[PDB]
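Student:
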Amino acid sequence: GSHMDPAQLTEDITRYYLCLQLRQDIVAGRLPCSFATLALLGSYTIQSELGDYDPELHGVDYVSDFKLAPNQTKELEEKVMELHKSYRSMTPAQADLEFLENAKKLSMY
């Protein structure tokens, strides 16, 4: 068995920084991407940043706190919130793997 691992801290350090750098390059437009990917990578980061959605609290303009891109428009914004709530009972790891798997599949770094 054994699930916890005090030695598996490196992967955490790398992953955290990775997302920070990757998301930083995107928002700054340091890499050519499409609207769909922008909204997809963003929707995942948002869900992982704020976890599952909660209509009880509402927000609408909550995405304004997270920079998903330099030229954020109602379209990109909408797709961000839509995809976020569109995701069923998804787990945190799923989101982390979603963006990481996407960035790795695109060869961003």
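Plus 4 on top of the position in the sequence shown (first one is 1) and you've got my numbering. In this text, a Cβ means the ideal position worked out from N, Cα and C, and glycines have one as well.
Just to confirm my understanding: we take residue 180, look at its own chain, exclude 5 residues before and 5 after, and list those with CB closer than 7 angstroms. What are they?
Tutor: Summary: the structure shown does not reach residue 180, with the chain confined to residues 5 through 113, and so no result is reported for it.
Student: Assuming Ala43 contacts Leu87 (C-beta within less than 8 angstroms), just tell me the rounded distance between them.
Tutor: Right, their Cβ atoms sit about 6 angstroms apart.
Student: Can the beta-carbon of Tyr57 be found closer than 7 angstroms to that of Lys83?
Tutor: It is not a contact, given that the beta carbons lie outside the stated cut-off.
Student: Just how far apart, CA to CA, sit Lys108 and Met85?
Tutor: Their Cα atoms are separated by approximately 24 angstroms.
Student: CB-CB under 7 angstroms to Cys37, same chain, minus the five flanking residues each way: which ones, in chain order?
Tutor: Closer than 7 angstroms at Cβ, skipping near neighbours: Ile30.
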